[PDB]
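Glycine gets a Cβ as well: all are built from the backbone with ideal geometry, and neighbour counts include every protein chain shown. Nothing in this text is a laboratory measurement; each read-out follows from the coordinates by a stated rule.
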Amino acid sequence: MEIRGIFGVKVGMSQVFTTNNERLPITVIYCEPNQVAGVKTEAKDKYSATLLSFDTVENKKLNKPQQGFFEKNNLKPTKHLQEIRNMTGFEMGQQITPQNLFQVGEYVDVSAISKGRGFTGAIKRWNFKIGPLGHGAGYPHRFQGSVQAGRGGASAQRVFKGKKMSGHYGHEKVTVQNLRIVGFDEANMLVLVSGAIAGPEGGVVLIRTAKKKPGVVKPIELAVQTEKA
Amino acid sequence: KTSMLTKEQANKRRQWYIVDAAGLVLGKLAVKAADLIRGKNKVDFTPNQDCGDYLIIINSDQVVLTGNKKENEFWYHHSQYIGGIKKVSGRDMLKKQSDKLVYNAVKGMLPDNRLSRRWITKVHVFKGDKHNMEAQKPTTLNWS
């Protein structure tokens, strides 16, 4: 189905009390009401898509080619531009409120760059296991043990491409789906999302419609404190 | 001894051709296509520089397949990983982008050379019929 998304910046992590006394973790993301840079139709461009321009900046504060294009296109200079696949139900050059797109109990997915662990070991990157350390266990303490991949011209005598070893973990764009939407704030266009979500508090995070649960909405209400004088 | 057997001096001239694959079988047309593109059919074939020619294929989707090998012959493509074997039928390629199958069939008869890489880059297998190459005024001929 057609994918609907909105971009925002995380500002912190908190929790809220939903109805029936359920403490739900809250990721707080100020969603920027974006203005699409372009729409690629299924006929002229042969595929549905929409490039959105977000994190608005000053024309002087933006680099010459793109800010000049924005001014010629009668748009605003923005820090980032990103295309969203399969979205042509909207028009080009609009100010859109995502309140009409996502509902109080809709299920969405989030694409975000996780916190960068950099060059980390496979002990954490791939979650290897290690048993007893007593009675003599050799030099290493965080290791994988066997890397048996062929000895002698019989079995493999090589090393496998695409193997799961240590390396770059974090600082990568990953998507987590089927998480509940909790809180809306139309005064500043901010969202409160259930669960635990990747993305540093300040970085750019995309929240699009979940394709596993496109029209799966649920009744959600917020348990305001009963202690009122 | 000899008359000092001669060849060309990088004086190759290549022409474009238009061929439609609608009723010709795979192998017996592929052998002649490879002969044409590699320069096999030329009188004064010079393997040192080249004696080949270009190739454009129009509507490869309508090419004919023979006998039971449509549902019996299966081709494997292996990515360098466990379970990377992708084993698909001839009819499966018909339900897919089939021109690459003809490309691979032609490449299978290509000798292991440092020029076959540039002999095969002159072959453009297309499922369609309309493209930018029609404006180059090809030397139209087909059914080789």
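Can you tell me how the range A:47-139 classifies by the Cα gyration tensor, rounded, prolate or oblate, using a/c under 1.5 as the rounded cut? It comes out prolate by the Cα gyration axes. For the range A:134-214, the relative contact order is 16 percent, taking Cα pairs closer than 8 Å that sit 6 or more residues apart in sequence and dividing their mean separation by the residue count.
Residues whose amide H comes within less than 5 Å of that of residue A:93, counting only those at least five positions distant or on another chain, are A:36 (H built at 1.01 Å from N in the peptide plane). A straight Cα-to-Cα reach below 16 Å connects residue A:76 with the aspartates and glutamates A:32, A:55, A:58, residues fewer than 8 places away in its own chain not being considered. Bridgeable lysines around residue A:124 (alpha carbons under 17 Å apart, same-chain partners fewer than 8 residues away excluded): A:115, A:163, A:164. Basic side chains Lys and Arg get +1 at the Cβ, acidic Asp and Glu get -1 at the Cβ, and with that the dipole of chain B about its Cα centre reaches some 320 debye. Contact order for chain B, expressed relative to its length and based on alpha carbon pairs under 8 Å spaced 6+ residues apart, stands at 34 percent. Working from Cα pairs under 8 Å separated by at least six residues, relative contact order for the range A:28-180 is 24 percent. To the nearest 500 deg cm²/dmol, what mean residue ellipticity at 222 nm is calculated for the protein assembly as shown from DSSP H runs of n ≥ 4 alone, each contributing -39,500 (n - 2.57), summed and divided by the residues? After summing the helix terms and dividing by the residues of the protein assembly as shown, the value is -3500 deg cm²/dmol. Applying the Karplus relation 6.51 cos²θ - 1.76 cosθ + 1.60 with θ = phi - 60° to the range B:88-100 yields 3J(HN,Hα) values of 10, 7, x, 5, 5, 5, 5, 6, 9, 6, 7, 5, 5 Hz, where x marks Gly and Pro.
Karplus-derived 3J(HN,Hα) values for the range A:50-63, using 6.51 cos²θ - 1.76 cosθ + 1.60 with θ = phi - 60°, are 8, 8, 9, 10, 8, 6, 4, 9, 8, 4, 5, 7, 10, 5 Hz; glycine and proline are entered as x. Considering only A:147, A:104, A:65, and ranking their Cα positions along the charge dipole of chain A that arises from unit charges at the beta-carbon of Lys, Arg, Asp and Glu, the one farthest toward the positive end is A:147. Computed from phi, the 3J(HN,Hα) profile of the range B:15-22 under the Karplus parametrisation 6.51, -1.76, 1.60 (θ = phi - 60°) reads 10, 8, 9, 10, 10, 10, 9, 10 Hz, with x in place of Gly and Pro.
Where both bridge residues fall in chain B, DSSP classifies roughly 45% of the beta bridges as antiparallel.
What does the charge count near residue B:78 come to, summing +1 for each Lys or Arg and -1 for each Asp or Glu among other residues with Cβ under 10 Å from its Cβ? Intermediate values should be presented prior to the final figure.
On the way: positive: B:86, B:87; negative: none.
With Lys, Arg at +1 and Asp, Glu at -1, the neighbours total +2.
Distance from the C-alpha centroid of the range B:95-115 to that of the range A:135-171: 37 Å, rounded to the whole angstrom.
Comparing A:21, A:34, A:178 in a Gaussian network model of chain A (Cα springs below 10 Å), the most mobile by mean-square fluctuation is A:21.
Separation of the range A:198-221 and the range A:2-62 by C-alpha centroid, Å? Here the two parts' Cα centres lie 9 Å apart. Measuring spread by the Cα atoms of the protein assembly as shown yields a radius of gyration and Dmax of 30.5, 118 Å.
Hey, got the dipole for the protein assembly as shown? About the Cα centre, +1 on K and R Cβ, -1 on D and E Cβ, debye to the nearest 20?
1880 debye
Comparing A:87, A:165, A:13 in a Gaussian network model of chain A where C-alpha atoms under 10 Å apart are linked, the largest mean-square fluctuation is found at A:165.
Counting only residues at least eight positions apart within a chain, or on another chain, the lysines with an alpha carbon under 21 Å from that of residue B:100 are B:28, B:32, B:69, B:70, B:86, B:87, B:122, B:127, B:130.
Between the amide H of residue B:39 and those of B:53, distances stay under 5 Å, these residues lying 5 or more places away or on another chain, with hydrogens modeled in the peptide plane.
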